[PDB]
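Below is one structure, written out as structure tokens, with a few remarks after it.
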Protein chains: 2
Amino acid sequence: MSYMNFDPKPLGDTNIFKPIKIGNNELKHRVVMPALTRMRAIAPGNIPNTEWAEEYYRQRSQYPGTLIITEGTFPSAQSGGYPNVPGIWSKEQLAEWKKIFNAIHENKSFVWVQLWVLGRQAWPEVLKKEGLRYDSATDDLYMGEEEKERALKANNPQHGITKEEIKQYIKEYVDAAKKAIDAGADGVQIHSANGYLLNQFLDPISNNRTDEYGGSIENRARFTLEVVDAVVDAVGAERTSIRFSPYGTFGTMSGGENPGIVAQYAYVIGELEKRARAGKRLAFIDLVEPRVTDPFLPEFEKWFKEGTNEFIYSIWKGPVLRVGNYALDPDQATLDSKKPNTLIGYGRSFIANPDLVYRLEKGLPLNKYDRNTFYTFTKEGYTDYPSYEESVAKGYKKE
Amino acid sequence: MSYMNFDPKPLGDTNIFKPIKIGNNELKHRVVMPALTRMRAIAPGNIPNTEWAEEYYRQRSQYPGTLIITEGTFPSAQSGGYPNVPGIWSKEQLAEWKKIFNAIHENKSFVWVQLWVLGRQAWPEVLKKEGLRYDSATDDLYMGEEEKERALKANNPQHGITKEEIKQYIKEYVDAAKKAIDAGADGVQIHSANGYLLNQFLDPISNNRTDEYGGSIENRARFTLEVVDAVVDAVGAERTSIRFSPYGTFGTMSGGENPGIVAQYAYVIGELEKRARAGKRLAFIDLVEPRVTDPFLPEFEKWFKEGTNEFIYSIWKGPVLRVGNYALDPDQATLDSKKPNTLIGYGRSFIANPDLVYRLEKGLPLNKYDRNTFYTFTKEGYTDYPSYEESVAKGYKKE
Ligand SMILES: Cc1cc2nc3c(=O)[nH]c(=O)nc-3n(C[C@H](O)[C@H](O)[C@H](O)COP(=O)(O)O)c2cc1C
Ligand SMILES: Cc1cc2nc3c(=O)[nH]c(=O)nc-3n(C[C@H](O)[C@H](O)[C@H](O)COP(=O)(O)O)c2cc1C
Ligand SMILES: O=Cc1ccc(O)cc1
Ligand SMILES: O=Cc1ccc(O)cc1
């Protein structure tokens, strides 16, 4: 129960507090809550939590005109494998989502459902129980020895998905997207980052396929672009977005130590820009910064300093969300925000600060997060972080 | 006979005046003379015109420790097609180049031969007269209708070179490189920019081949990388460099309006870094700035402001030469030179100022260039531009 140890600076006079249109939505400011997995969903139906989640999103959407991106949400059972993450395919899931979306909308804020497909990050023993596959780009590229052992113990070995299985995932992204928007979501974000399934195709470290979905930049990007084009066909580009982590190592991805990694992302993003010029553009592209190559490590650890995301601005001409260690670095937030149509995301600091937008605007101290309750099935560390005024009444101080 | 109309600033205390090792050469400063076609060579035989050219290069190398890159120089007759541009394949050419290199070395300066292969930019009647092909990546993608008629009038229609003929060009780059080094050059620069033959393979606008030399990023880069690897094998990576122009439109190239551009160069530059890390690092990569999309246009005209070359610094960890409209913008030169191992090239202003280095160091007025004599077969506008003291004696004033 203390404040992050830094000197806060007000952002209210920077471009962070300038309004911007993102697809259909008229944002009042550029402080975004990125996708944050919390593990409060109810098992066995992957149901958004009925007692606690509406309050959690209600709190963090309190500042009018905020973009909220939901926790990663599975578009089908085969996409999942964590029981306490929500899904968005079933009627009982959708019923609960609608209440969440309503709370955010009642705040005059916006909600975007992140569509998350795990691939090899999934727990294969959990999948096995449900008669589901342990999927990736290849049979044989395990993300590590422990994961390989877990898969073999479960008798659910890693499976390089087929072209038909690829089409099936495509159908499930589309299905979940239509369902999300029908239930009242403003848009959906395709998760193509952090070493999950689409990223597993993007990165040569995890994809040495010799069909059309591996062996070249264009082929590695194919699955991701089919997903984008199918979701766009179904709900429109204005209601679609995507997330990449060019410099990420989490999930046993390449990161910037492979000098060919920038070209991969330059290509896929250039393809999205091509599509934008030909018609309606994707609402935004979300990039994880090299500031955070692995979100399990504390701020400023494994900050890749030898490469940046600046290349995007020479390719994509629409809004760009940037996320990674900004809470502690208002100076860098302010600098990045001077670039055209740039939104700044705050992850761990939004977990800890329900009224983050206001604190950022006024340069107030930020609550420190409690890592212990990032992923516990608890109200504690979810909806009981105080507002600023409450932190002062409790005598909070720098850790 | 006037100065450029701008406010000069001294650069002597910036990074531009710090020494740096480039290949085998200890540069005293980072002001570079890039390649500049002047068309003073003797026809027939493409013979360097030592009677005029020795003095031109002596003048511009006067400041000890300067890197000079020659005018584009043909590595073989079939590479050519401009009768007053020099070659470096023949005994009689080499005998003249030896004298020019000597003069530069007497100044304790350095000289790098730009190896220039024209492809479709060539004049097809001039090649036809010599019994030579008019070459490109394809038989049918002409740089324009004027140029197409010209080729058909000369019964030398464009020709997409075959793998055998590509191998022949590679052989010629190797041959001309060994020859150039043997005559005393410090290095060679492979010209892969400004809409010439290699750039014609890199850009989809001039290359819709469906063999291994086009149809993808890796394919389109293949000829350029083969040239690099051959030359490096023949003369060493420390005597090898390359030039690109990602944002160039000169030569009917795509430039930045094609959003796939950046990926193409990130891919080629990442491949060059992979080579470096395996122990064969090119001496430097030379990039034309988006500041000058077409060097036939006045400074500040057709400045592509929607894209930058900053992506290089996330990929290549070797020296970078950057060129384009720097004379008139010492603030931008200074800023760009703060990036690691960055050299600043000056083209039109080096044409006009024999003692440009000194004038940059001290913040002195610069002579204005006269385009009229860029390509005339004369000493006027070549060797008669005045030193600073001489311009003061003649009462020069701003344009
Ligand atoms: C507890 C936790 C859960 C996260 N869950 C998600 C997720 O569901 N989807 C996703 O794309 N990124 C997720 N991330 C990554 C964040 O959105 C973000 O990119 C990262 O935490 C760096 O930003 P920050 O330094 O502001 O926290 C998560 C990070 C943490 C710490
Ligand atoms: C008259 C003239 C001749 C040129 N010749 C060459 C050449 O042989 N090779 C080359 O790579 N670029 C050539 N360039 C391009 C220059 O090297 C340079 O990229 C361009 O002029 C922009 O830099 P600047 O604004 O300092 O002139 C030429 C430019 C001009 C104006
Ligand atoms: O649970 C942590 C987490 C991190 C990144 C993601 O993309 C998803 C989940
Ligand atoms: O003569 C102009 C010229 C421009 C760019 C080049 O690369 C070569 C020549």
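Just so we're on the same page: first chain in the structure tokens is A, next is B, and so on; residues restart at 1 for each chain, and ligands are numbered from 1 in the order they show up.
If one restricts the calculation to only C-alpha atoms and all ligand atoms, the set of residues situated within 7 Å of ligand 2 consists of residues 34, 35, 36, 37, 38, 71, 72, 191, 193, 194, 243, 288, 292, 295, 296, 299, 323, 324, 325, 326, 327, 345, 346, 347, 348, 349, 374 and 375 of chain B.
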request  = Could the residues of chain A within 8 Å of chain B, counting only C-alpha atoms, be given as JSON, numbers by chain, please?
outcome  = {"A": [216, 217, 218, 259, 260, 262, 263, 264, 265, 266, 267, 270, 271, 273, 274, 306, 307, 308, 310, 311, 313, 314, 315, 316]}
Restricting the output to N, CA, C and O atoms, write the selected residues as a compact mmCIF listing (two decimals), in the first residue's frame.
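Written file, again39.txt:
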# COMPACT_ATOMS: atom_id res chain seq x y z
N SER A 216 9.05 -17.69 -45.52
CA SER A 216 9.29 -16.37 -46.08
C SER A 216 8.46 -15.36 -45.24
O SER A 216 7.52 -15.73 -44.57
N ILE A 217 8.82 -14.09 -45.30
CA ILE A 217 8.05 -13.02 -44.67
C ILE A 217 6.57 -13.06 -45.04
O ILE A 217 5.73 -13.02 -44.14
N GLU A 218 6.28 -13.12 -46.32
CA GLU A 218 4.92 -13.11 -46.85
C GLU A 218 4.17 -14.32 -46.34
O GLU A 218 3.00 -14.22 -46.01
N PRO A 259 18.14 -9.89 -36.56
CA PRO A 259 18.05 -8.63 -37.35
C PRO A 259 17.00 -8.64 -38.43
O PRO A 259 16.74 -7.61 -39.07
N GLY A 260 16.40 -9.78 -38.69
CA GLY A 260 15.39 -9.84 -39.71
C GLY A 260 13.99 -9.60 -39.19
O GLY A 260 13.05 -9.60 -39.95
N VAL A 262 12.47 -6.83 -37.71
CA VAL A 262 11.82 -5.61 -38.19
C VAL A 262 11.15 -5.74 -39.61
O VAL A 262 9.99 -5.28 -39.82
N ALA A 263 11.81 -6.43 -40.53
CA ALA A 263 11.28 -6.61 -41.87
C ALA A 263 9.95 -7.35 -41.82
O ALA A 263 9.04 -7.01 -42.55
N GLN A 264 9.79 -8.26 -40.88
CA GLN A 264 8.59 -9.07 -40.82
C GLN A 264 7.46 -8.18 -40.50
O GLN A 264 6.38 -8.39 -41.04
N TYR A 265 7.66 -7.26 -39.54
CA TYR A 265 6.58 -6.42 -39.07
C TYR A 265 6.34 -5.27 -40.03
O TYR A 265 5.23 -4.86 -40.23
N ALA A 266 7.42 -4.73 -40.61
CA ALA A 266 7.32 -3.76 -41.68
C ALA A 266 6.47 -4.26 -42.81
O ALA A 266 5.63 -3.53 -43.36
N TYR A 267 6.61 -5.53 -43.13
CA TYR A 267 5.82 -6.07 -44.22
C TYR A 267 4.33 -6.12 -43.78
O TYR A 267 3.49 -5.69 -44.55
N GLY A 270 2.76 -2.85 -43.59
CA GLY A 270 2.68 -2.24 -44.94
C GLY A 270 1.48 -2.83 -45.70
O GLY A 270 0.74 -2.12 -46.38
N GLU A 271 1.24 -4.12 -45.52
CA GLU A 271 0.03 -4.72 -46.02
C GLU A 271 -1.28 -4.09 -45.44
O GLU A 271 -2.27 -3.92 -46.17
N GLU A 273 -1.46 -1.03 -44.36
CA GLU A 273 -1.59 0.28 -44.92
C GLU A 273 -2.11 0.24 -46.38
O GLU A 273 -2.88 1.09 -46.84
N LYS A 274 -1.65 -0.75 -47.13
CA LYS A 274 -2.17 -0.98 -48.47
C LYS A 274 -3.71 -1.08 -48.52
O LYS A 274 -4.40 -0.40 -49.31
N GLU A 306 18.34 -1.43 -28.45
CA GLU A 306 19.07 -1.40 -29.70
C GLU A 306 18.07 -1.34 -30.87
O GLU A 306 18.47 -1.27 -32.01
N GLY A 307 16.78 -1.31 -30.56
CA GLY A 307 15.76 -1.21 -31.62
C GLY A 307 14.54 -0.51 -31.08
O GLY A 307 14.26 -0.59 -29.88
N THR A 308 13.80 0.21 -31.95
CA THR A 308 12.61 0.95 -31.52
C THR A 308 11.47 0.62 -32.51
O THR A 308 11.70 0.09 -33.62
N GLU A 310 9.88 3.08 -34.01
CA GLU A 310 9.71 4.31 -34.79
C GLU A 310 9.40 4.00 -36.29
O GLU A 310 8.72 4.76 -36.96
N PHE A 311 9.91 2.88 -36.81
CA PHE A 311 9.68 2.47 -38.19
C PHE A 311 8.18 2.52 -38.56
O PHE A 311 7.82 2.81 -39.69
N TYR A 313 5.91 4.63 -38.18
CA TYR A 313 5.37 5.91 -38.65
C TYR A 313 5.74 6.23 -40.12
O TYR A 313 5.21 7.21 -40.70
N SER A 314 6.68 5.46 -40.68
CA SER A 314 7.04 5.57 -42.07
C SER A 314 6.23 4.65 -42.93
O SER A 314 6.42 4.63 -44.15
N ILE A 315 5.33 3.90 -42.33
CA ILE A 315 4.51 2.90 -43.07
C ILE A 315 3.01 3.14 -42.88
O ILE A 315 2.29 3.40 -43.84
N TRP A 316 2.57 2.96 -41.63
CA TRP A 316 1.14 3.13 -41.25
C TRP A 316 0.84 4.58 -41.00
O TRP A 316 1.55 5.27 -40.17
task = Name the residues of stretch 251-312 of chain B that fall into strand (DSSP E or B) according to DSSP on the backbone, using the chain letters and numbers of this document, as a PyMOL selection string.
result = chain B and resi 284-288
Store the residues of this selection in a file with C-alpha atoms, as an mmCIF file, in the first residue's frame.
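What ended up in selection.cif:
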data_model
loop_
_atom_site.group_PDB
_atom_site.id
_atom_site.type_symbol
_atom_site.label_atom_id
_atom_site.label_comp_id
_atom_site.auth_asym_id
_atom_site.auth_seq_id
_atom_site.Cartn_x
_atom_site.Cartn_y
_atom_site.Cartn_z
ATOM 1 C CA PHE B 284 29.161 1.376 -44.559
ATOM 2 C CA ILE B 285 25.653 1.647 -45.918
ATOM 3 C CA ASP B 286 24.808 4.917 -47.771
ATOM 4 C CA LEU B 287 21.159 6.079 -47.794
ATOM 5 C CA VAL B 288 19.601 8.862 -49.782
#
task = Looking only at alpha helix (DSSP H) from DSSP on the backbone, list the matching residues of stretch 94-259 of chain A as number ranges by chain.
result = A: 94-106, 124-129, 145-153, 163-183, 197-202, 217-220, 222-235
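Checking A:182, A:146, A:165, A:7 one by one against residue A:101, counting only C-alpha atoms, you find the shortest gap at A:182.
Restricting the calculation to only C-alpha atoms and all ligand atoms, the smallest distance between ligand 3 and any of A:297, A:143, A:104, A:154 is found for A:297.
Residues in contact with residue B:362 at 12 Å, where only C-alpha atoms are counted and same-chain residues fewer than 5 positions away are skipped, are listed as residues 8, 9, 10, 11, 12, 13, 14, 17, 330, 355, 356, 357 and 388 of chain B.
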For the residues in the current selection, export N, CA and C atoms as a PDB file, in the first residue's frame.
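What follows is the written file selection-v3.pdb:
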ATOM      1  N   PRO B   8      24.424  30.059 -42.349  1.00  0.00           N
ATOM      2  CA  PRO B   8      25.365  28.987 -42.002  1.00  0.00           C
ATOM      3  C   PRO B   8      25.667  28.887 -40.505  1.00  0.00           C
ATOM      4  N   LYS B   9      25.982  27.685 -40.070  1.00  0.00           N
ATOM      5  CA  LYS B   9      26.303  27.395 -38.704  1.00  0.00           C
ATOM      6  C   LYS B   9      27.541  26.548 -38.666  1.00  0.00           C
ATOM      7  N   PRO B  10      28.407  26.849 -37.713  1.00  0.00           N
ATOM      8  CA  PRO B  10      29.615  26.070 -37.645  1.00  0.00           C
ATOM      9  C   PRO B  10      29.387  24.665 -37.145  1.00  0.00           C
ATOM     10  N   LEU B  11      30.009  23.693 -37.797  1.00  0.00           N
ATOM     11  CA  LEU B  11      29.767  22.286 -37.467  1.00  0.00           C
ATOM     12  C   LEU B  11      30.960  21.662 -36.802  1.00  0.00           C
ATOM     13  N   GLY B  12      32.043  22.433 -36.654  1.00  0.00           N
ATOM     14  CA  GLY B  12      33.296  21.939 -36.035  1.00  0.00           C
ATOM     15  C   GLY B  12      33.244  21.337 -34.662  1.00  0.00           C
ATOM     16  N   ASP B  13      32.230  21.722 -33.887  1.00  0.00           N
ATOM     17  CA  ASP B  13      32.044  21.189 -32.529  1.00  0.00           C
ATOM     18  C   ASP B  13      30.878  20.200 -32.389  1.00  0.00           C
ATOM     19  N   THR B  14      30.375  19.719 -33.517  1.00  0.00           N
ATOM     20  CA  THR B  14      29.332  18.659 -33.572  1.00  0.00           C
ATOM     21  C   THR B  14      29.974  17.300 -33.880  1.00  0.00           C
ATOM     22  N   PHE B  17      32.382  16.562 -37.023  1.00  0.00           N
ATOM     23  CA  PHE B  17      33.865  16.735 -36.955  1.00  0.00           C
ATOM     24  C   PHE B  17      34.596  15.796 -36.005  1.00  0.00           C
ATOM     25  N   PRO B 330      21.980  22.891 -41.564  1.00  0.00           N
ATOM     26  CA  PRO B 330      22.940  22.433 -40.535  1.00  0.00           C
ATOM     27  C   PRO B 330      22.289  21.911 -39.235  1.00  0.00           C
ATOM     28  N   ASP B 355      36.270  23.595 -51.093  1.00  0.00           N
ATOM     29  CA  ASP B 355      36.640  23.608 -49.675  1.00  0.00           C
ATOM     30  C   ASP B 355      35.410  23.529 -48.787  1.00  0.00           C
ATOM     31  N   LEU B 356      34.460  22.718 -49.198  1.00  0.00           N
ATOM     32  CA  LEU B 356      33.241  22.600 -48.422  1.00  0.00           C
ATOM     33  C   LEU B 356      33.542  22.197 -46.976  1.00  0.00           C
ATOM     34  N   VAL B 357      34.492  21.293 -46.740  1.00  0.00           N
ATOM     35  CA  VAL B 357      34.677  20.792 -45.409  1.00  0.00           C
ATOM     36  C   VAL B 357      35.039  21.947 -44.435  1.00  0.00           C
ATOM     37  N   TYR B 388      36.782  29.764 -50.512  1.00  0.00           N
ATOM     38  CA  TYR B 388      36.161  30.794 -49.692  1.00  0.00           C
ATOM     39  C   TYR B 388      36.869  32.135 -49.855  1.00  0.00           C
TER      40      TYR B 388
END
Env of stretch 170-179 of chain A: 10 Å cut, atoms = only C-alpha atoms, seq-sep filter 5 positions within chain, self excluded. Answer as a compact mmCIF listing (two decimals) with C-alpha atoms, in the first residue's frame.
# COMPACT_ATOMS: atom_id res chain seq x y z
CA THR A 73 -10.82 -13.36 -24.62
CA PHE A 74 -10.93 -16.72 -26.35
CA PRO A 75 -13.02 -16.83 -29.62
CA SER A 76 -13.58 -20.60 -29.28
CA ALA A 77 -12.84 -23.41 -26.88
CA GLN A 78 -9.97 -24.76 -29.09
CA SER A 79 -8.35 -21.29 -28.87
CA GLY A 87 -14.59 -16.61 -23.94
CA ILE A 88 -17.03 -14.87 -26.31
CA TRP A 89 -18.66 -17.68 -28.31
CA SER A 90 -21.44 -18.95 -26.02
CA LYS A 91 -24.80 -17.46 -25.05
CA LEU A 94 -22.30 -13.09 -24.16
CA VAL A 113 -12.74 -7.08 -27.15
CA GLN A 114 -9.25 -8.59 -27.59
CA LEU A 115 -9.55 -11.89 -29.42
CA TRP A 116 -6.88 -14.21 -28.05
CA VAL A 117 -5.73 -17.57 -29.44
CA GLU A 164 -8.36 -26.76 -42.87
CA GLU A 165 -7.71 -26.12 -39.13
CA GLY A 184 -22.52 -4.18 -28.05
CA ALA A 185 -18.70 -4.05 -28.31
CA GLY A 187 -14.71 -3.23 -31.94
CA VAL A 188 -12.42 -6.20 -31.66
CA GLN A 189 -8.68 -6.49 -31.53
CA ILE A 190 -6.88 -9.37 -33.13
CA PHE A 223 -2.44 -16.42 -41.32
CA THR A 224 -2.48 -13.10 -39.58
CA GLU A 226 -6.31 -13.87 -43.55
CA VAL A 227 -7.62 -13.31 -40.03
CA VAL A 228 -7.62 -9.52 -40.51
CA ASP A 229 -9.30 -9.70 -43.91
CA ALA A 230 -12.00 -12.13 -42.67
CA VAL A 231 -12.75 -10.04 -39.56
CA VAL A 232 -12.85 -6.89 -41.65
CA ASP A 233 -15.25 -8.63 -44.15
CA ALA A 234 -17.55 -9.41 -41.23
CA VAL A 235 -17.56 -6.29 -39.00
CA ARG A 239 -14.37 -2.05 -35.82
CA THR A 240 -11.16 -4.00 -36.18
task = Please provide as a PyMOL selection string all residues within 8 Å of stretch 128-141 of chain A, with the sequence filter that same-chain residues fewer than 2 positions apart are discarded (counting only C-alpha atoms).
result = chain A and resi 78+119-120+122-126+143+151+154-161+197+200-201+206-209
Include N, CA, C and O atoms and write out the residues we just selected as a tab-separated table (two decimals), in the first residue's frame.
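The new file selection34.tsv reads:
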chain	number	residue	atom	x	y	z
A	78	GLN	N	-11.27	-24.26	-28.57
A	78	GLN	CA	-9.97	-24.76	-29.09
A	78	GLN	C	-8.86	-23.68	-29.05
A	78	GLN	O	-7.66	-23.98	-29.05
A	119	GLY	N	-2.40	-20.97	-29.07
A	119	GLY	CA	-1.39	-21.87	-29.60
A	119	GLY	C	-0.57	-22.58	-28.52
A	119	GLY	O	-1.12	-23.12	-27.48
A	120	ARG	N	0.74	-22.60	-28.73
A	120	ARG	CA	1.62	-23.39	-27.87
A	120	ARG	C	1.76	-22.86	-26.44
A	120	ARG	O	2.29	-23.56	-25.61
A	122	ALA	N	-0.73	-22.53	-24.49
A	122	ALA	CA	-1.82	-23.22	-23.79
A	122	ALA	C	-1.30	-24.35	-22.90
A	122	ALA	O	-0.13	-24.74	-23.00
A	123	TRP	N	-2.13	-24.73	-21.93
A	123	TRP	CA	-1.86	-25.85	-21.06
A	123	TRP	C	-2.47	-27.16	-21.63
A	123	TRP	O	-3.68	-27.36	-21.65
A	124	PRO	N	-1.59	-28.04	-22.14
A	124	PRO	CA	-2.06	-29.16	-22.96
A	124	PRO	C	-2.81	-30.20	-22.22
A	124	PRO	O	-3.63	-30.92	-22.85
A	125	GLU	N	-2.59	-30.28	-20.90
A	125	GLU	CA	-3.31	-31.20	-20.04
A	125	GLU	C	-4.73	-30.76	-19.81
A	125	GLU	O	-5.65	-31.60	-19.66
A	126	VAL	N	-4.93	-29.46	-19.79
A	126	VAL	CA	-6.27	-28.87	-19.71
A	126	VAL	C	-7.02	-29.09	-21.02
A	126	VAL	O	-8.19	-29.56	-21.03
A	143	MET	N	8.10	-24.62	-27.10
A	143	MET	CA	8.60	-23.33	-26.60
A	143	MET	C	9.62	-23.50	-25.49
A	143	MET	O	10.23	-22.52	-25.04
A	151	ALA	N	3.34	-31.48	-22.33
A	151	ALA	CA	2.60	-31.97	-23.46
A	151	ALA	C	2.69	-33.49	-23.57
A	151	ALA	O	1.67	-34.15	-23.70
A	154	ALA	N	0.76	-35.33	-20.84
A	154	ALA	CA	-0.66	-35.28	-21.14
A	154	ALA	C	-1.06	-36.12	-22.36
A	154	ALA	O	-2.24	-36.20	-22.68
A	155	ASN	N	-0.09	-36.72	-23.05
A	155	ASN	CA	-0.36	-37.38	-24.33
A	155	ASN	C	-1.14	-36.43	-25.26
A	155	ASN	O	-2.07	-36.80	-25.94
A	156	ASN	N	-0.74	-35.16	-25.27
A	156	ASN	CA	-1.35	-34.19	-26.19
A	156	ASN	C	-0.20	-33.42	-26.85
A	156	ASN	O	0.03	-32.24	-26.57
A	157	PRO	N	0.56	-34.09	-27.71
A	157	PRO	CA	1.76	-33.47	-28.28
A	157	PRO	C	1.45	-32.22	-29.11
A	157	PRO	O	0.36	-32.14	-29.68
A	158	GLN	N	2.41	-31.29	-29.26
A	158	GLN	CA	2.22	-30.14	-30.11
A	158	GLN	C	1.84	-30.55	-31.53
A	158	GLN	O	2.35	-31.54	-32.09
A	159	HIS	N	0.87	-29.82	-32.10
A	159	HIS	CA	0.30	-30.20	-33.42
A	159	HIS	C	0.41	-28.98	-34.35
A	159	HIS	O	-0.16	-27.90	-34.05
A	160	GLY	N	1.15	-29.16	-35.45
A	160	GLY	CA	1.26	-28.15	-36.50
A	160	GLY	C	-0.07	-28.16	-37.24
A	160	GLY	O	-0.44	-29.14	-37.88
A	161	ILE	N	-0.86	-27.09	-37.14
A	161	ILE	CA	-2.19	-27.12	-37.69
A	161	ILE	C	-2.27	-27.17	-39.21
A	161	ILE	O	-1.45	-26.61	-39.92
A	197	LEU	N	-0.70	-17.66	-30.76
A	197	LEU	CA	-0.71	-18.44	-31.98
A	197	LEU	C	-0.29	-17.70	-33.24
A	197	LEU	O	0.54	-18.20	-34.02
A	200	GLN	N	3.28	-17.01	-33.33
A	200	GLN	CA	4.00	-18.26	-33.55
A	200	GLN	C	4.19	-18.52	-35.04
A	200	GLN	O	5.22	-19.04	-35.42
A	201	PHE	N	3.20	-18.12	-35.85
A	201	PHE	CA	3.34	-18.14	-37.34
A	201	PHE	C	4.26	-17.00	-37.85
A	201	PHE	O	5.07	-17.24	-38.74
A	206	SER	N	9.58	-20.07	-34.38
A	206	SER	CA	8.50	-20.97	-34.07
A	206	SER	C	7.75	-21.47	-35.29
A	206	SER	O	6.74	-22.18	-35.16
A	207	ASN	N	8.25	-21.15	-36.48
A	207	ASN	CA	7.60	-21.60	-37.70
A	207	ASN	C	8.63	-21.83	-38.78
A	207	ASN	O	9.15	-20.86	-39.35
A	208	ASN	N	8.90	-23.12	-39.01
A	208	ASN	CA	9.65	-23.58	-40.20
A	208	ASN	C	8.84	-24.44	-41.16
A	208	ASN	O	9.39	-25.36	-41.79
A	209	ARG	N	7.57	-24.09	-41.34
A	209	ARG	CA	6.65	-24.80	-42.23
A	209	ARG	C	7.18	-24.59	-43.65
A	209	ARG	O	7.79	-23.57	-43.90
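For the set A:49, A:93, A:245, A:61, the residue with the smallest atom-to-atom gap to ligand 3 is A:245, counting only C-alpha atoms and all ligand atoms.
Counting only C-alpha atoms and all ligand atoms and comparing A:319, A:39, A:80, A:149, the residue that lies closest to ligand 1 is A:39.
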key: Exercise: residue A:2 partners within 10 Å, only C-alpha atoms, chain neighbours under 5 positions left out, as a list in words   = residues 365, 366, 367, 368, 369, 370, 391, 394, 395, 396, 397, 398 and 399 of chain A
